[PDB]
Amino acid sequence: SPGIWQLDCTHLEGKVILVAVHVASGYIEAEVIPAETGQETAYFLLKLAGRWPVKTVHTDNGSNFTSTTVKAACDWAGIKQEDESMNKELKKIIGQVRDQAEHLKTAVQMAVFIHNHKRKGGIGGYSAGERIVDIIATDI
Amino acid sequence: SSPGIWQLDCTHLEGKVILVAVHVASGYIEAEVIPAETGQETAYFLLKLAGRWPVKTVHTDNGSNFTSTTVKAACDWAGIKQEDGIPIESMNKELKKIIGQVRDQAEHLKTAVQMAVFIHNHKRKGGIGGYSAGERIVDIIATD
Ligand SMILES: OCc1cc(-c2ccccc2)on1
Ligand SMILES: OCc1cc(-c2ccccc2)on1
Ligand SMILES: OCc1cc(-c2ccccc2)on1
């Protein structure tokens, strides 16, 4: 469970949002990139893997994920590759704040901040951020 | 050191800028190549970082990029207190060593920096019974 992520793209305003969801926690990382390239994908994956303990990524069938640069990055970083609730949610927060910023990429990271900090449930609840650190700390 | 305290520093290599955030208690790092130390680039780095880990305070070098109104606006929004000029120099030293060990596997410097971040955060310190910066940050931050 703790090493598993799902990666998805979302299309808005002529660019691509790459979104990686930590499956057990709902925690997200996201980045706006100009186009969905093998290179951009590979880079997003190395960044994520130096930050969190990434064992497996679950992706769509896209040609970006089967590129030699993506395969080189996965081999080096130790990532096995394979083939919405949190993601429609992200798109909705983007809308709730998109107004508040000049560029989309600013509203996107504002949305990540909001998602990852938000307590789910009542008093006794946890944010997605809290849940991922607890999951990984427990594992260790 | 609080679990919420970060130190930001910059390094220049090959004519490019590397912004580095160090989690002071653990030695964990986040780093990115940016085009130039502008307010808008520094603000965006901080917004990203604060969205990923619980950032309470940032100690900075008091560079002109931090005096930017946009950086203050970002810290305010994210609930970060900015402490300028308030003192890991062997960190910017450390990252450049590791960047040299991987530089030949990467066509572009920015890729080599993420590779170095990865090696840094996974490295066991203190010998075979020790722990990585990555292990230490989650242990320090975990509330339950
Ligand atoms: O369980 C400890 C904890 C984790 C966080 C956190 C908040 C936001 C992003 C990542 C982690 O806050 N408290
Ligand atoms: O200019 C890029 C940018 C701006 C911000 C910002 C975030 C929150 C409030 C105000 C400004 O973050 N990155
Ligand atoms: O040893 C398991 C483990 C790995 C990590 C980690 C966290 C952040 C970056 C790199 C590694 O945390 N717990």
Side-chain angles (χ1 to χ4, degrees), chain A residues 2-3 22 25-29 32 46-55 77-79 97-120 125-140, chain B residues 2-4 6 19 23 26-32 34-36 38-56 65 68-80 82 114-125 129-144:
Chain A
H22 184 262
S25 69
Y27 173 84
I28 70 167
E29 305 238 8
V32 184
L46 288 174
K47 282 218 278 176
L48 180 71
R51 288 154 183 71
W52 298 103
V54 175
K55 284 244 184 191
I79 300 161
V97 296
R98 172 83 196 70
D99 88 81
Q100 311 193 358
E102 70 282 83
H103 297 216
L104 176 66
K105 66 174 176 154
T106 299
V108 164
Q109 303 309 330
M110 295 174 50
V112 170
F113 179 112
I114 296 175
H115 175 70
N116 279 346
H117 279 88
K118 189 158 155 145
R119 191 192 70 262
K120 173 171 136 221
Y126 293 101
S127 68
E130 285 160 357
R131 271 179 249 122
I132 188 168
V133 173
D134 290 350
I135 289 159
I136 299 172
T138 302
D139 190 74
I140 303 163
Chain B
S2 150
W6 300 70
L19 240 51
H23 185 256
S26 69
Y28 182 93
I29 88 124
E30 293 243 357
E32 304 266 19
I34 55 165
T38 78
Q40 297 65 39
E41 290 289 343
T42 305
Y44 184 71
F45 181 89
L46 283 169
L47 170 56
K48 279 191 291 183
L49 183 63
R52 293 157 175 66
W53 293 100
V55 184
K56 190 230 317 99
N65 50 316
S68 162
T69 273
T70 308
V71 162
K72 181 215 193 66
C75 286
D76 283 346
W77 187 92
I80 288 172
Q82 193 177 333
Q114 309 303 331
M115 288 174 84
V117 168
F118 180 117
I119 285 168
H120 176 75
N121 288 343
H122 288 85
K123 181 195 163 82
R124 183 167 300 171
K125 314 204 199 48
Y131 296 97
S132 64
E135 288 167 327
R136 299 194 292 270
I137 192 177
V138 303
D139 187 71
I140 290 171
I141 295 175
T143 59
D144 305 69

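Chain A is the first sequence line, chain B the second, and so forth, proteins listed ahead of strands; every chain is numbered from 1. No hydrogens, no waters, no symmetry mates; every other heavy atom, side chains included, goes into these values. When a ligand or atom number is given, it counts from 1 through the structure's own listing order.
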Who pairs with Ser68(B) by side chain to side chain donor-acceptor pair (under 3.5 Å), at least two apart in sequence or on another chain?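 If we apply the side chain to side chain donor-acceptor pair (under 3.5 Å) test to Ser68(B), skipping adjacent residues, there are no hits.
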Not counting sequence neighbours, which residues clear side chain to side chain donor-acceptor pair (under 3.5 Å) with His120(B)? List them please.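 Listed in chain order: nothing, the list is empty.
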Using a strict 4.0 Å cut-off to heavy atoms of [X], name the atoms of ligand 2 that fall inside it.
{"X": "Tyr44(B)", "answer": "13 (N)"}
{"X": "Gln40(B)", "answer": "1 (O), 2 (C)"}
{"X": "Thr70(B)", "answer": "1 (O), 4 (C)"}
{"X": "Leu47(B)", "answer": "12 (O)"}

Output a table of donor-acceptor pairs, distance under 3.5 Å, between side-chain atoms of residues 47-55 of chain A and any protein atom two or more places apart or on a different chain; print 'none' if there are none.
from     : atom 1 : to        : atom 2 : distance (Å)
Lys47(A) : NZ     : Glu31(A)  : OE2    : 3.3
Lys47(A) : NZ     : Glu32(B)  : OE1    : 3.0
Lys47(A) : NZ     : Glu32(B)  : OE2    : 2.8
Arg51(A) : NE     : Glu30(B)  : OE1    : 3.0
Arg51(A) : NH1    : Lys47(A)  : O      : 2.9
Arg51(A) : NH1    : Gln114(B) : OE1    : 3.1
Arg51(A) : NH2    : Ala31(B)  : O      : 3.1
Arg51(A) : NH2    : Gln114(B) : OE1    : 3.1
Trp52(A) : NE1    : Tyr27(A)  : OH     : 3.4
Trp52(A) : NE1    : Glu29(A)  : OE2    : 3.0

Within this structure, what is the CG-OG1 distance for the pair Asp134(A) and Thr143(B), rounded to the nearest 0.5 Å?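 These two atoms lie 4.5 Å from each other.
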State, to 0.1 Å, how close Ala107(A) and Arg98(A) come at their nearest heavy-atom pair, and which atoms those are.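 Of all heavy-atom pairs spanning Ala107(A) and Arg98(A), the closest is CB-CA, 3.8 Å.
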Kindly give the heavy-atom pair with the smallest separation between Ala137(A) and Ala142(B), and that separation in Å.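 Shortest heavy-atom contact: CB-CB, 3.6 Å.
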Residue-level breakdown please: for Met110(A) versus ligand 2, do any non-hydrogen atoms fall below 4.0 Å on the side chain, on the backbone, on both, or on neither?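 No part of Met110(A) is near ligand 2 at this cut-off.
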Mind checking whether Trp77(B) contacts ligand 2 via backbone (N, CA, C, O), side chain (CB onward), both or neither, at a 4.0 Å heavy-atom cut-off?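 It is the side chain that touches ligand 2; the backbone stays farther off.
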Knowing that exactly one of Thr138(A), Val133(A), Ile140(A) qualifies, which makes a side chain to side chain contact (heavy atoms under 4.5 Å, CB included) with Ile136(A)?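 So the option named by the test is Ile140(A).
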Atom indices of ligand 3, in the order listed, that fall short of 4.0 Å to a heavy atom of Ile140(A):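 Counting from 1, the qualifying ligand atoms are 2 (C), 3 (C), 12 (O), 13 (N).
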Give the protein residues with at least one non-hydrogen atom closer than 4.0 Å to an atom of ligand 1, ordered by chain and number.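 Near ligand 1, by chain and number: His117(A), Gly129(A), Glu130(A), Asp134(A), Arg52(B), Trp53(B), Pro54(B), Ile141(B), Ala142(B), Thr143(B).
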Would you say the side-chain atoms of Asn116(A) pair up with the backbone N or O of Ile28(A), donor to acceptor, closer than 3.5 Å?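 Looks like yes, one N/O pair under 3.5 Å.
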Between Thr106(A) and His103(A), do the side chains contain an N or O donor and an N or O acceptor separated by less than 3.5 Å?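 Side chains of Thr106(A) and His103(A): no pair found under 3.5 Å.
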Is it true that the NZ or CZ of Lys125(B) lies under 6.0 Å from the centre of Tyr131(B)'s six-membered ring and within 45 degrees of the ring axis?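 Pair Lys125(B)/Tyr131(B) does not count as cation-pi.
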Within the structure, is a non-hydrogen atom of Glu102(A) found at a distance of less than 4.0 Å from ligand 2?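 Yes; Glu102(A) lies near enough to ligand 2 that a heavy-atom distance drops under 4.0 Å.
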